[PDB]
Structure formats: structure tokens, C-alpha cells
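Participant: Listed in order, the protein sequences are those of chains A and B. Letter by letter, the first sequence follows residues 72 to 288 of my numbering. Letter by letter, the second sequence follows residues 31 to 255 of my numbering. For each residue, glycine too, the CB sits at the ideal point set by N, CA and C. This is the structure I want to talk about, given as C-alpha cells.
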Amino acid sequence: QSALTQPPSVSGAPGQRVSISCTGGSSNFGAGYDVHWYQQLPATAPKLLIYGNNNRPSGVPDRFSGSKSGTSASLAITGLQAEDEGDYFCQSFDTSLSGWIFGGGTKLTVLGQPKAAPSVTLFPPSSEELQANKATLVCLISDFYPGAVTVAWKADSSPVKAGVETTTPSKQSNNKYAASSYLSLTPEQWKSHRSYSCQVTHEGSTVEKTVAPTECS
Amino acid sequence: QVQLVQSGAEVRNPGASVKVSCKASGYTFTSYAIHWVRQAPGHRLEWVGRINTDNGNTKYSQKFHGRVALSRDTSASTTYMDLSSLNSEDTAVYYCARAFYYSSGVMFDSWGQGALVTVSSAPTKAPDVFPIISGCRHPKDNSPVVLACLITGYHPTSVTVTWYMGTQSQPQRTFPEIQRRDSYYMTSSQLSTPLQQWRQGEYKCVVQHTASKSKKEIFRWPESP
Ligand code: NA
């Protein structure tokens with residue numbers, strides 16, 4: 072094969088050892104070309120991790136090690152840490168394509184990190200948005216693990232699904248996750264209720280925050 | 031330190047062309063070749079081509095020969111990628127990377143931060159930015175207030191947000207961008223540390239949208255309605 076293939080996903084618990092396979096073929100690994108590995112942490116550029124099958128650039132932890140054969144290569148990660156989560160790409164050169172080739176990438180997930188309940192902050196419409204005849208409620212949700220929540224909105228005590236837009240969660244710099252939910256209202260709707268609420272469900276608990284049109288009056 | 035710094039995000043119509051730059055510093059520019067690599071959403075890394083920074087010789091991938099040109103300006107320690115006949119599949123982050131020799135091959139040892147090229151027919155629009163606050167501008171108890179900025183009505187992605195207290199950058203919480211039903215985007219940035227009292231203008235959120243060559247700063251949270 073003139074293409075490198077990787078499992079889309081690998082996972083392990085803190086402290087465990089995983090390996091990421093990169094299968095190639097006779098025109099790349101089998102033609103004598105080395106493999107290199109790149110690490111791409113969330114929202115960052117790729118970084119060289121292993122070069123020449125098994126060499127580490129300065130600064131890369133020796134928990135990362137590589138091996139290579141003519142049919143595949145293997146990146147081993149010992150002592151998994153939450154900071155290792157990201158995408159890993161292999162790279163080689165292919166004679167039949169006359170060019171550099173990359174694997175499709177493997178997403179590494181570190182499961183079983185310590186649970187962390189979400190921090191929820193609810194924001195009412197700004198005075199400036201209301202002057203533009205618009206009203207958005209913003210529910211910001213931070214510092215939770217595992218990275219899965221569900222969000223529900225209420226007007227007074229009635230569930231509201233119209234006008235709701237919720238992001239899917241994304242990992243923060245401290246290995247916890249963040250998400251947001253927006254409720255788009257008209258100024259009439261905002262003013263016609265006693266309060267609005269954002270309810271965040273995570274691992275067997277729900278936390279609710281409430282805002283009221285005349286709170287800072 | 032070896033560093034590659036690329037130009038900012040670009041938006042183009044289908045059929046147009048885009049020129050992205052990559053400025054090198056921290057080493058002798060002409061001693062190392064530069065490669066260009068792209069990453070579309072939902073696709074792997076893809077090699078675009080190579081340029082020798084000394085003599086200007088190029089090699090391109092068969093997928094792009096005929097509509098890509100690489101060039102270099104040694105006086106500016108810069109290489110350029112010009113990609114023409116743009117299509118929707120060309121929406122991608124374009125990286126430059128330095129080629130480094132070792133005993134039995136070459137590797138890509140240093141990468142630029144990437145430049146997002148969006149191919150779109152939709153009009154480009156700078157964000158509206160609203161100061162939002164959890165709690166009251168002047169709290170009635172001694173419990174803290176949280177500042178954030180609501181960033182809405184912009185196209186395409188993405189924005190970059192920084193917070194300042196005076197001249198000093200402050201910790202922030204970043205949140206995903208979401209596409210609204212009206213096809214524009216919105217996002218929020220939160221000042222991480224809760225506040226009790228501050229001088230008007232002491233804190234500000236700075237929102238950059240390079241696709242519209244714009245920067246907006248909000249430094250006033252006025253009294254609530
Ligand atoms: Na190096």
C-alpha cells in the first residue's frame with residue numbers, strides 16, 4: 072500500500088502503556104524509508120515526536136519510543152498522562168507516489184482521570200444587545216471531567232428547546248473540559264418571564280443557575 | 031530559538047488564489063529546505079511541496095502540480111505558497127515546516143503555527159462584541175462578579191481573544207465556536223478570575239478577526255438595564 076493507515080482511536084488509563092500502529096507497504100516502509108511521528112495537541116500545530124524510527128528530539132519524554140519494520144511501525148507510550156491526549160501521525164516517503172505521505176492520525180484518549188464537577192456561570196443579555204432588539208442568554212460550563220454534559224433551559228419553570236444552541240465539549244489546558252450553551256430570545260420573551268435557568272447534568276448530578284431580568288435594578 | 035511564523039487567516043472565492051507566507055528566524059535561512067503541508071477538517075496531513083531556500087528549486091505533490099507555486103525571498107527569510115483554482119476541498123490549515131537532515135533521512139523538525147484558508151462564497155463579516163457579566167457591575171454583597179465577552183455575527187471562523195488588566199495579559203477561559211442558524215458564528219471568552227471592584231476601563235477583552243483585518247477592544251462594562 073502506498074498509504075499509511077492508523078487506528079482512528081487508542082485509549083488507556085493514567086499510568087498504562089499503549090501503542091499506536093502505523094501500517095504501510097512495499098513502496099514506503101518496505102522500500103527502506105524511515106518513519107517519523109508527530110504529536111498534535113488540541114488546537115496546536117504538529118510537533119516532531121520521534122524521527123528516524125526511534126530517535127527523540129530534545130525535550131520529548133522518554134515515555135515515547137518507536138520501532139519500525141518493513142510492514143509497520145509502532146509508537147509506544149508508557150506511563151500515560153492526561154497531557155498526552157491528542158492526535159498522533161506517522162510519516163514516511165513513498166517511491167510510487169514520489170512524495171511524502173502521512174498516516175490518517177490516531178486520537179489518543181486517557182480514560183479514567185479523576186472526576187470533576189462542572190463550574191457553571193450564566194450571563195443575562197447585555198444592555199447593548201437589548202438596545203439592538205436582541206437577547207442572548209449565555210451559559211458557560213468549565214472544569215468538568217469526563218467531557219460529557221447535557222444542558223437544559225427553563226423559562227420560569229417551563230422547559231425551552233426553541234432557540235437553544237449548545238457546543239460540544241472541548242479540552243482545556245488543565246485537562247478538564249469546557250462547553251457552552253446559548254438561548255436566543257426576543258426582548259419581549261426575556262421581559263415576559265420572571266426568570267430563566269440553565270441546568271447542567273454531569274455524572275449523576277445536575278446544577279442549575281438562574282438569571283432574572285430585574286436582578287441588577 | 032528556531033521559529034517559523036506564518037501570515038494570518040485568508041478567505042477566498044472558489045476559483046480564486048491565495049498566497050500564504052512563512053517567515054523563518056533563529057537559524058541560517060538558506061541552509062534548510064522548507065516544506066508546506068496542509069490539514070483539512072476531517073482529513074489527514076497532506077504534503078504540498080518543498081522549496082530549496084538557497085537556489086529556489088521546487089518539488090510539488092502530483093495532487094497540486096499545475097495550481098501551486100512555492101517561492102522564497104532570502105532577504106526576508108520568507109517562503110510563500112501560492113495556491114490557485116481554489117475549491118471547497120482546499121479549506122484547510124496550511125503549515126510550513128523546516129526540513130532537517132539526520133544520518134539516514136530527513137524529518138520536519140520545526141513547524142509554523144498554520145494559516146487557515148477558507149474557500150467560501152459568503153460575505154466576510156467582523157464580529158459584534160458585547161460586554162456581558164454574571165452578577166452586577168457593583169455587587170450588593172461581597173461575592174465576586176465574572177466578566178465575559180459575547181462575540182457574535184462573524185464569518186468565517188475564527189476569532190482570537192486576549193484579556194488585559196492594564197498592560198498585563200490575564201488568564202481566560204476559551205469556548206468552542208458555534209455556527210448560528212443564520213450561518214454566522216458566535217463564541218464567548220470569559221475572564222478566568224472573578225472580580226469584586228475595579229476601575230472603569232481597568233479590564234478589557236480584545237477580539238481579533240484576521241479574516242476581516244479587524245480588532246475590537248471592549249473596556250467598559252456599563253450599568254445593567
Ligand atoms: Na532538530
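Can you tell me the Cβ-Cβ gap for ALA116(A) and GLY144(B), rounded? I've got them flagged as a contact below 8 Å.
Facilitator: Correct: roughly 5 Å between the Cβ atoms.
Participant: Below 8 Å, can you find three or more Cβ-Cβ pairs linking the region 153 to 162 of chain A to the region 195 to 210 of chain A?
Facilitator: Counting Cβ pairs under 8 Å, fewer than three are found: no touch.
Participant: Looking only at C-alpha atoms, which of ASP155(A), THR166(A) and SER138(A) sits nearest to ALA102(A)?
Facilitator: Measuring from the Cα of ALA102(A), the nearest candidate turns out to be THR166(A).
Participant: So, helix, strand or coil for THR192(A), using DSSP?
Facilitator: If DSSP states are grouped into helix, strand and coil, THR192(A) belongs with the strands.
Participant: Are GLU40(B) and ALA241(B) touching if we call contact CB-CB under 9 Å?
Facilitator: Taking 9 Å as the Cβ cut-off, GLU40(B) and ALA241(B) qualify as a contacting pair.
Participant: Does the structure place the region 169 to 183 of chain B close enough to the region 229 to 243 of chain B that three or more beta carbon pairs sit under 8 Å?
Facilitator: Taking 8 Å as the limit for Cβ pairs, the verdict is that the region 169 to 183 of chain B does touch the region 229 to 243 of chain B.
Participant: Under the assumption that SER266(A) contacts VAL282(A) (Cβ atoms under 8 Å), give the Cβ distance between them as a whole number of angstroms.
Facilitator: Going by Cβ atoms, the distance from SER266(A) to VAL282(A) rounds to 7 Å, so yes, they are a contact pair.
Participant: Of all the residues that make up the region 113 to 133 of chain B, which are near chain A by a beta-carbon distance shorter than 7 Å?
Facilitator: Under the 7 Å Cβ criterion, the region 113 to 133 of chain B contributes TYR125 and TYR132.
Participant: Strictly under 9 Å for the Cβ-Cβ distance: is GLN200(B) near chain A by that measure?
Facilitator: False, the Cβ-Cβ gap to chain A never drops below 9 Å.
Participant: Of all the options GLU274(A), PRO132(A), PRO85(A) and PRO284(A), which has the alpha carbon lying nearest to the alpha carbon of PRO189(A)?
Facilitator: For the residues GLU274(A), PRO132(A), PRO85(A) and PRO284(A), the minimum Cα distance to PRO189(A) belongs to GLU274(A).
Participant: Starting from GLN143(B), find everything on chain A with Cβ-Cβ shorter than 7 Å and list it in chain order.
Facilitator: Result: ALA116.
Participant: Note down the Cα distance separating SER80(A) from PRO255(B), rounded to an integer number of angstroms.
Facilitator: Approximately 49 Å between the Cα atoms of the pair.
Participant: Along chain B, which residues have their Cβ under 8 Å away from the Cβ of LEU201(A)?
Facilitator: In chain order: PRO255.
Participant: Is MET111(B) close to chain A, meaning its C-beta is less than 9 Å from at least one C-beta of that chain?
Facilitator: No, no contact with chain A.
Participant: May I ask you to report which of helix, strand or coil DSSP gives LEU116(B)?
Facilitator: Three-state DSSP puts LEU116(B) in coil, outside helix and strand.
Participant: Output the distance between the C-alpha atoms of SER129(A) and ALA144(A), rounded to the nearest integer angstrom.
Facilitator: Each residue's Cα considered, the two are about 21 Å apart.
Participant: With which residues is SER229(A) paired in a DSSP beta bridge?
Facilitator: Answer is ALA226(A).
Participant: Among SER151(B), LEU75(B), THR190(B) and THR60(B), which one has its Cα closest to the Cα of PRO206(B)?
Facilitator: Nearest of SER151(B), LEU75(B), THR190(B) and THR60(B) to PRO206(B), Cα basis: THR190(B).
Participant: Would you list the residues sitting across from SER218(B) in a DSSP beta bridge?
Facilitator: Paired residues: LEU180(B).
Participant: Quick one: measure Cβ to Cβ for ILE91(A) and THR180(A), integer angstroms, because I've assumed they're closer than 8 Å.
Facilitator: So it is not a contact: roughly 12 Å between Cβ atoms.
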